[PDB]
Structures are given as structure tokens and as C-alpha cells.
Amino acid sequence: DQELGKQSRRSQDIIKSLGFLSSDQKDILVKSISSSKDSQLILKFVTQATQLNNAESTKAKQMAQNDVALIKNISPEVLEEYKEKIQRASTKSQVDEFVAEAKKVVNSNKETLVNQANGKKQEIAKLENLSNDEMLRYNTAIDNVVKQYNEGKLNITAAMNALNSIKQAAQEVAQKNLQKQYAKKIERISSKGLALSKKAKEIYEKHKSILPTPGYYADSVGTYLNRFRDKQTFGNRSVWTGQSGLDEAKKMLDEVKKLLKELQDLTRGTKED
């Protein structure tokens, strides 16, 4: 008698805890247990209740798994992630939240990917030393990444890395193209300097008698002559390249100008000897 008192209160609590019965289903079974005079019948109620919990648990999970499969443009990876989370769920409310969380992830992910790709389209666009043809080729490349993603040929991680890989390659070509544009600017400046250098050598060789300490001016003239020919500042230093070289070549031009000017002022008016 007093067993029931304990046994019935147990069995009712077993019912209330099952994760997949609805409220209406619980109430019918809870009521039947609390009305029974036998402990053996109370067992049969707890049995068919778990049997129904299992039935509704299958129906619930399976459905949800097919629900998320119909999120359109679902990444194969994300589908598997949530199909599996759902399968492991304890209750119906968790199963619901998972189908919620799925959609939020599938749009967060595509919203993210789409923002990064656009952000890179722009940063590539501001690389001033890309050919127009080279700029189309990488904007197109980006688009192909977002397409293969939509077609689930890439996960989100794969696709973020391809955007980075394309951005890095667009930089390394930006610079190869900048070094070529520097190099060309350098030879322009180092040609003016060579023509000025030849002017100063002619000046020197025709009025050196007139010069204070002419051996200094011979060495100077000679130094700048070789520099602009070699495009090195010293004999065992690098050739002028990139923007350290252009500054250095711009530095040397304005030095030989001063030198030329100086020779011009030391010889002014005197005649050729």
C-alpha cells in the first residue's frame, strides 16, 4: 500500500521527465498512474510511455534532420554538424533550437564570406600598380571562390583562405610591377646625372690650371661619372633598385648639380687652359 505511495510518485516523475512527450500526452499517462490500484499495471504505463517517447523522439529528430537539409545553400559540413547535434539531443526544445541555430549559421557564414570577398575586391582595386587586365583577373578569381562556396565545393574555412591567397598573389604582382616602374624611373634620373657629369669633366679638363686644389675636383668628377654608369653608390654595394635606389639616385643628381655649379663659378670669365 505504502509502496504505491512511493512507487506511483516515482512512475509519474518518470513520465514528466521524458523529453519528447507533449504536455497533453504526459497528463493522460500521469493521471492513469495515479489512479491505479496495482503496481503491475503502473509498470505497463511507464512501459508504453517510454515506447511512445522513443516513437516521438525518432519522428522528431528525423524530421528536423530533413528540415535542415532543406536550408538552401547549406554547406555539406554545416549540415553534417547540425544533423549530428540534433541526433544527440535530449528533448524536443533542444531539437527546435538546433534547427534555429542552423539557419543563423548558414546566413552568418555566407554574409561573412560575401563581406570579406567585397572587402578584398576593393583592396585589390587600390593596388595602383596592377594592369587593368591583371585587376579583372583577380576580381574574377574572387567571384569564382564565392560561387564554388555557394555550390558547397568549399567550406567556409577553405574559402576564407582562398580569398587571402588571391589577395597575397595580387600584392606580389603589384610589387614586381612596382620594381619595374621604379627601375625605369631610376635610369631616367641616372641619365641626367651622367650628362651633367660629362659636362663637369669637360669643364675640369679645360680649366684645371685655374682650380683651387684641382686633384679633389678630378676625383669628384670621376666618382660621379662611375656612379651614374654603374648605378652603384660604392664599388662593393648593391645596384640602385626600388625606392631606396631612386632616393639614392635622386640624392646623387642633386650633388653633381652643386658640383657642376661650383666648377661653373670657379672658371667664369677665364679662357681655355
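We number the residues from 1 along the sequence you see.
Engineer: Per the entry, where is the mean C-alpha temperature factor higher: 31 to 39 or 44 to 52?
Structural biologist: So the stretch with the higher mean C-alpha B-factor is 31 to 39.
Engineer: Per the PDB record, is the mean Cα temperature factor higher over 173 to 181 or over 74 to 82?
Structural biologist: The stretch with the larger average C-alpha B-factor is 173 to 181.
Engineer: By the CA temperature factor listed in this entry, which of these ranks top: 167, 92, 192, 199?
Structural biologist: Out of 167, 92, 192, 199, the record gives the largest C-alpha B-factor to 167.
Engineer: Report the third (lowest, middle or highest) to which the CA temperature factor of residue 250 belongs, ranking only the modelled residues of the same chain.
Structural biologist: For residue 250, the deposited C-alpha B-factor lands in the middle third.
Engineer: By the record's CA B-factor, is residue 100 among the lowest, middle or highest third of residues in the chain?
Structural biologist: As the PDB entry reports it, the C-alpha B-factor of residue 100 lands in the lowest third of its chain.
Engineer: Using the temperature factors of the C-alpha atoms in this entry, rank residue 203 within its chain: lowest, middle or highest third.
Structural biologist: Within its chain, residue 203 is a lowest-third residue by C-alpha B-factor, going by the deposited values.
Engineer: Please place residue 153 in the lowest, middle or highest third of its chain according to the CA B-factor in the PDB entry.
Structural biologist: Middle third of the chain for residue 153's C-alpha B-factor.
Engineer: Consider only the C-alpha atoms of the modelled residues in this chain, order them by B-factor as the entry records it, and name the third containing residue 110: lowest, middle or highest.
Structural biologist: Within its chain, residue 110 is a middle-third residue by C-alpha B-factor, going by the deposited values.
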